[PDB]
Structure formats: structure tokens, C-alpha cells
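# Survey of secondary and tertiary structure
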There are 2 protein chains.
Amino acid sequence: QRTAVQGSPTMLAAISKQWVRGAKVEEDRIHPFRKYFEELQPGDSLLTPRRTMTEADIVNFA
Amino acid sequence: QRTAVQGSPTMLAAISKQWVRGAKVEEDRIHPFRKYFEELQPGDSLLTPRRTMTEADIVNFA
């Protein structure tokens, strides 16, 4: 049965057992690529440090 | 008073409240550059990932 489940993305994430777009995140102080498969949860997030794009970046990549 | 304290480096580290050369280390799960000053201890170690030195490395650095 194809059911169109509505609701908040933090609810659709827990219904779908996935992470969708605007769900709550689980930032837990260590890196997601350090976790094994069984301890990765859908929602394990990571806010990376920034990087300023410059003209030298464009030149070196081109 | 000057005292030449002998012993193992893991003992001289705890006597001098420093880390010396061959003491036991407190390798934990997170990065020592993430800790503040009051939660750094002398002995907070980090085994970094490797980097293979190649001829291209020598050329680009020269």
C-alpha cells in the first residue's frame, strides 16, 4: 500500500528510519567516518570547518 | 635544591607534571587541539594518519 505520509521532516526521518532533509541531527563530538556500520545512525551529522574560495583556487583547479 | 631524579620516563613525567620522552600517553577518542587549556593534560597524545613522501612532494615543495 502506497501511503503518502505527511508531517515534519524530523518526523518523516523517524518514520522512514532514514534522514530526509530538515530533520534533527545527531552531532556527537566524534567523526562519522570513525563509526562502524552498526553504530552509524541515519542522522549522524557533521558540520565541517569552512574554506574560503579564492581566485587561486579557481586557477589551480582549472 | 637541585636533585637528579632517576627512574622510568613514565615516572619522571608524573614527578615533573610534564611529558618527557617515553612516558605512557593518554590517547583518547577526540583531538588534543579541540581541548581547552584546563582540560589539557601533559601526555594527551595523538597518533596522526600517515603521509607517503614521494618525488612529487619534493618537487612541489622545492
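Residues numbered from 1 in each chain as written, not as in the entry; some residues may be left out. Chains lettered and ligands numbered in written order. Part of a larger assembly, values for the part shown. Heavy atoms only, no water.

## Observations concerning the overall build of chain A
If you tally the helices and strands in chain A, you get two helices and zero strands. Taken against the 2.2 N^0.38 rule, which gives 11 Å for 62 residues, the C-alpha radius of gyration of chain A at 17 Å runs more than 25% over that of a compact globule. Expressed along its principal axes, the backbone C-alpha trace of chain A runs to roughly 55 × 25 × 20 Å. Taken over 62 residues, chain A has a buried fraction of 11%. About 6300 Å² of surface is accessible on chain A, with carbon and sulfur atoms providing 56% of the total. Taken together, the 9 basic and 8 acidic charged side chains of chain A have centroids lying 6 Å from each other. (Helix = DSSP H or I, 4+ residues; strand = E, 2+ residues; numbered from the N terminus. Rg over C-alpha atoms; globule rule 2.2 N^0.38 Å. Buried < 20%, exposed > 50% of the residue type's maximum accessible area, 1.4 Å probe, protein only. Areas by Shrake-Rupley, 256 points an atom, 1.4 Å probe, with all protein chains shown as cover. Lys, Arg positive; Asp, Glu negative; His and termini not counted. Charge placed at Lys NZ, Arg CZ, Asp CG, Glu CD.)

## Notes on the pattern of salt bridges
Residue and element names in this part refer to chain A. Taken as a whole, this structure holds four salt bridges over all chains when the rule is applied. The residue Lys35 makes a salt bridge to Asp28 at a minimum N-O spacing of 3.1 Å. Overall, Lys35 belongs to the buried group, its relative accessible area being 12%. (Salt bridge = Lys/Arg side-chain N within 4 Å of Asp/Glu carboxyl O.)

Keep in mind these values describe shape, not function.
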